[PDB]
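In the order they appear, the protein sequences are chains A and A'. A prime marks a further copy of an entry chain. Just so we're aligned: the first sequence equals residues 7 to 128 in PDB author numbering. Just so we're aligned: the second sequence equals residues 7 to 128 in PDB author numbering. Worksheet: one structure, shown below.
There are 2 protein chains.
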Amino acid sequence: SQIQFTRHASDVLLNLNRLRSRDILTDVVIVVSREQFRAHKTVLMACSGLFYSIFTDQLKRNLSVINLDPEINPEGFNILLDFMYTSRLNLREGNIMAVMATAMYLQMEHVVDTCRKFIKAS
Amino acid sequence: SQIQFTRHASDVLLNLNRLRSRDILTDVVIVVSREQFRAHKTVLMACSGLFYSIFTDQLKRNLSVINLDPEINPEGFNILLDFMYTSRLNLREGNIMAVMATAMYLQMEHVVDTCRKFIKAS
Ligand SMILES: O=C(Cn1ccc2c(=O)[nH]c(NCc3ccccc3F)nc21)Nc1ccncc1Cl
Ligand SMILES: O=C(Cn1ccc2c(=O)[nH]c(NCc3ccccc3F)nc21)Nc1ccncc1Cl
Ligand SMILES: [Cl-]
Ligand SMILES: [Cl-]
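Here it is, written out as structure tokens:
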């Protein structure tokens, strides 16, 4: 019987993206080939099975830098990071395979399923 | 023209609450009278003008403990912290004044407005 605020979760996410844009309380750098991306571990964990698995382990929880597999496309990663923080996925003809393969690696199954739909629709 | 995931922001928040429940990557303790509450600064900042104002200041950004005003009701605070992480506000007859006053102090204006509505409805 609690009162539901229907825009609250979305508003929080938007504010978290604003903090990311200002580098406030970011606690990890993700290195992908020649590029680097700063983020909040908590958001990464909430959105990715790979990052969840990494940072839940006490051995790896305080890591400040994560080097991704060198074969991962930085653009694919950037699209998915933007999705994590915005709920909006920038899927396009020229990026679909890179985004799909990166989502598989990051263990983002709902996103992988959505890419299967984009392929199907052409 | 991006693809909108309508449950993503909500799912993230839920996962963040799960991390809080497990004390994973919490980075602050909020002390309110005799009680203490652990949280993620980023979520606090996203949800409260008081916490935003505190942690944006470089002088205060690395604080690991925040002592709230001793007059603040811990139950009022707990209700609002639960709201921050769930989007669901536990407003009741026996708690409305405490929650409203705590929301004013925490600078949560939409919540204060909602409390004005509960009072009106009785
Ligand atoms: O669920 C997530 C992360 N996540 C987001 C999407 C997504 C996915 O598609 N596959 C996986 N596989 C790994 C896995 C992790 C957890 C439970 C089952 C499971 F199979 N994980 C994903 N994080 C989370 C869960 C619970 N409590 C707190 C947090 Cl932060
Ligand atoms: O907006 C918030 C926090 N917040 C949530 C509810 C709420 C409120 O009712 N009143 C206030 N007053 C202070 C204030 C802060 C910022 C802008 C205007 C402003 F008046 N702040 C609130 N945080 C945020 C904003 C932007 N970028 C990143 C983050 Cl994390
Ligand atoms: Cl910082
Ligand atoms: Cl931790």
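Using N, Cα and C, we set each Cβ at its ideal position, and we do this for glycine too.
Contact check, residue i vs residue j under 8 Å by CB: the rounded distance?
i: A'/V71; j: A'/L86; result: So it is not a contact: roughly 18 Å between Cβ atoms.
i: A/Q8; j: A/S54; result: Rounded, the Cβ-Cβ distance is 29 Å, inconsistent with contact.
i: A/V118; j: A/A109; result: 5 Å
i: A'/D88; j: A'/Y111; result: Wrong, their Cβ atoms sit about 17 Å apart, outside the cutoff.
i: A/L95; j: A'/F11; result: 7 Å
i: A'/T92; j: A/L22; result: Between A/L22 and A'/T92 the Cβ distance is about 16 Å, and since that is not below 8 Å, they are no contact.
Could you check whether the Cβ of residue i sits closer than 8 Å to any Cβ belonging to chain A?
i: A'/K126; result: no
i: A'/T48; result: yes
i: A'/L95; result: yes
i: A'/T108; result: no
i: A'/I102; result: no
i: A'/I60; result: no
i: A'/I36; result: no
i: A'/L31; result: yes
Would you give the residue range spanned by the alpha helix (DSSP H) that residue i belongs to?
i: A'/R24; result: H14 to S27
Could you name the residues of the same chain whose beta carbon sits closer than 6 Å to that of residue i, not counting the 5 residues immediately before and after it, in chain order?
i: A'/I60; result: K66
i: A/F83; result: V38 and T108
i: A/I36; result: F43 and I72
So, at 7 Å on beta carbons, what are the nonlocal neighbours of residue i in its own chain, with the 5 sequence-adjacent residues on each side left out?
i: A/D29; result: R44
i: A/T32; result: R26, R44, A45 and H46
i: A'/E41; result: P80
i: A/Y58; result: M51
i: A'/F124; result: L97 and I102
i: A'/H116; result: none
Specify, as a first and last residue, the run of the beta strand (DSSP E) that residue i falls within.
i: A'/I36; result: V34 to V38
Are the C-beta atoms of residue i and some chain A' residue less than 8 Å apart?
i: residue 2 of chain A; result: The shown model of chain A, from 7 to 128, leaves out residue 2 of chain A, and the question about it has no answer.
i: A/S16; result: yes
i: A/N21; result: yes
i: A/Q10; result: yes
i: A/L86; result: no
i: A/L69; result: no
i: A/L25; result: yes
Can you find the residues in the same chain that come closer than 8 Å, C-beta to C-beta, to residue i, ignoring five residues on each side of it along the sequence?
i: A/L69; result: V34, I60 and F61
i: A/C121; result: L97, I102, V105, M106 and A109
Which runs of the beta strand (DSSP E) spanning at least 3 residues fall entirely within the region 42-88 of chain A', listed in chain order? 71-73
Threshold first: 4 residues or longer. Then list the alpha helix (DSSP H) segments lying entirely within the region 90-121 of chain A', N to C. 102-111
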